[PDB]
Structure formats: C-alpha cells, structure tokens
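I have placed the structure first, in the form of structure tokens, so that the comments after it can refer back to it.
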Amino acid sequence: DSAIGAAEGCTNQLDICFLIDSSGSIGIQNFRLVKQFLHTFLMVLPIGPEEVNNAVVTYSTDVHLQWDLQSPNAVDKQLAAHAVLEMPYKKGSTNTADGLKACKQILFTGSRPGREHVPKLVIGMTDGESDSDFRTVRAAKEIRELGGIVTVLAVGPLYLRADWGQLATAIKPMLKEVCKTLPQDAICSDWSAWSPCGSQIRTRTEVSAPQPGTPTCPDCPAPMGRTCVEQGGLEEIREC
Ligand SMILES: *[C@H]1O[C@H](CO)[C@@H](O)[C@H](O)[C@@H]1O
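Structure, rendered in structure tokens:
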C-alpha cells in the first residue's frame, strides 16, 4: 500500500520542496499541464503529519513562495492537491538560483518542530533553459552536502527527461529513482501486550539496523534514516 515509502525500501518521513519554473519560456498553455502534473503527484505521495511534508515554490524573475512546511497544506494531501490547482502564472526571466536558495531555507531552516533532520528533497521542474543550473548554483551544492536530495525534470540519473504529453508517465520512475537515494528506517517488531497495574507499559524490539541511502555527491554525507528509538522508542508508557 505504498509507492515511495514504507516497506518498498525507503522511509516515510521526508520533506519536499517543489521548485517550479514559471518563466515565459514554458508558456501559459504548458503551465496548466504542470499543475495537473503536480495534482496527481501529491495524490500518490503519503502526505501526513508524521509521514511526508511538502513545500511548493514557484519562480520566474523573482521567487514566489506558495507555502512552506509550517503551512497547513504541508501535512494535508487534499488541501495541497487543491491548492496547486490555484497557482498563478508570472512571466519574466528564469531565476533558478534564488529558487534553490529558497528551497534550501524551507527544508533546512523552515522544518516543522518535530522533524528538522529528516531526509530533504528538492523536486525541480525546468524547460529547455537552466539544464546545468541544478548543478551550477551553489545552493544545489550546499543542499546535497547536508543530506539533501535534488531531483530535476526537464521538459521539451536524478535528471529525468519528459515531454508535455507524457508528463504523468515521468512520475512512476521518478519516485522509483528517488527511493534508491533514500534511506530505510529500522524495522521495529510489533508491540507487546499491555502490562497490568500503577501505570501500563508496552514494549517492542529493533530487528534490523537502519539502511542509509546512496550519497548524492562525492565525499558528502548521506541521509541514514531513523532507529527504533527515534520512531517512538522501544517502550511506550500509559497510566491505569
Ligand atoms: C504497535 O502499535 C500499534 C498497535 O496499535 C501499531 O502502530 C503497530 O501494530 C505496532 O506494531
């Protein structure tokens, strides 16, 4: 019952900064298909408060933040999916640099109070322009060496090519290619039966170690997922 999380081979706890190009080089016609692309995209992702959080930033000449991680859209699937359909279009140049600078801020400095250290991910979307900007911009460099991940989709390995018509076809292998880079959290055993009274304590045990994912850049840290003590602890306590 998953696609990019849980048992498949990668963690549910994950933050995403969607960086969408809104320059004049895409046109407004194709931009509508982009919103349709993101709509069905968020439908797939297990977006929850303790699962996947999302953040969307559009950019053209300047940077236009839609909502960060502390936004109610970040934790609700139906809200975010509805919100992406209502995003405006602003012509102009192509400022990917400050766009990645914006995503870096939301992910590493703008996380929800519980999970700052969870695997960060940038899912960018560009056209025929700025093919190298997702490798050139210093922000892209700084994200990867913090345990962050950058994904690129050019229209017209983490680099994916697609056409305007077959946009939705790119979703399936993208989440597949991402799950390789992602780590896997520790496999915890099922909970034990509740103790009598006084208070009531239930316990579980860690089965296998957290499998760290594949590092993004040469000689730079990789996300390593969370142990069972980081998933809620081996023991939970209730009163009676
Ligand atoms: C123990 O805790 C709950 C049971 O209510 C579930 O999240 C799961 O079954 C786990 O093993």
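Per PDB author numbering: the sequence shown = residues 62 to 217, 242 to 282, 289 to 331.
All C-beta atoms in this analysis are idealised placements derived from N, C-alpha and C, irrespective of residue type, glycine included.
Based on Cα-Cα distance, which residue from the options lies nearest to residue i?
i           : options               : result
residue 187 : 266, 259, 257 and 212 : 212
residue 117 : 90, 166, 89 and 152   : 166
residue 313 : 209, 132 and 90       : 209
residue 252 : 264, 263, 215 and 206 : 215
residue 100 : 147, 262 and 292      : 147
residue 328 : 122, 306, 139 and 293 : 293
residue 195 : 179, 159, 217 and 310 : 159
residue 154 : 321, 326, 289 and 82  : 82
residue 110 : 90, 133 and 95        : 133
Distance, Cα to Cα, residue i vs residue j?
i           : j           : result
residue 77  : residue 182 : 5 Å
residue 142 : residue 97  : 9 Å
residue 151 : residue 86  : 11 Å
residue 317 : residue 88  : 42 Å
residue 108 : residue 282 : 38 Å
residue 164 : residue 171 : 9 Å
residue 177 : residue 169 : 7 Å
residue 65  : residue 190 : 29 Å
residue 321 : residue 90  : 46 Å
residue 217 : residue 298 : 47 Å
residue 123 : residue 275 : 50 Å
What do you reckon, are the CB atoms on residue i and residue j nearer than 8 Å?
i           : j           : result
residue 130 : residue 173 : yes
residue 92  : residue 115 : no
residue 280 : residue 295 : no
residue 71  : residue 264 : yes
residue 106 : residue 180 : no
residue 161 : residue 198 : yes
residue 331 : residue 206 : no
For review: beta carbons within less than 5 Å of any heavy atom in ligand 1: 275 and 276
Check whether the region 194–206 touches the region 265–280, counting contact only when three or more Cβ pairs, one atom from each stretch, lie closer than 8 Å. no
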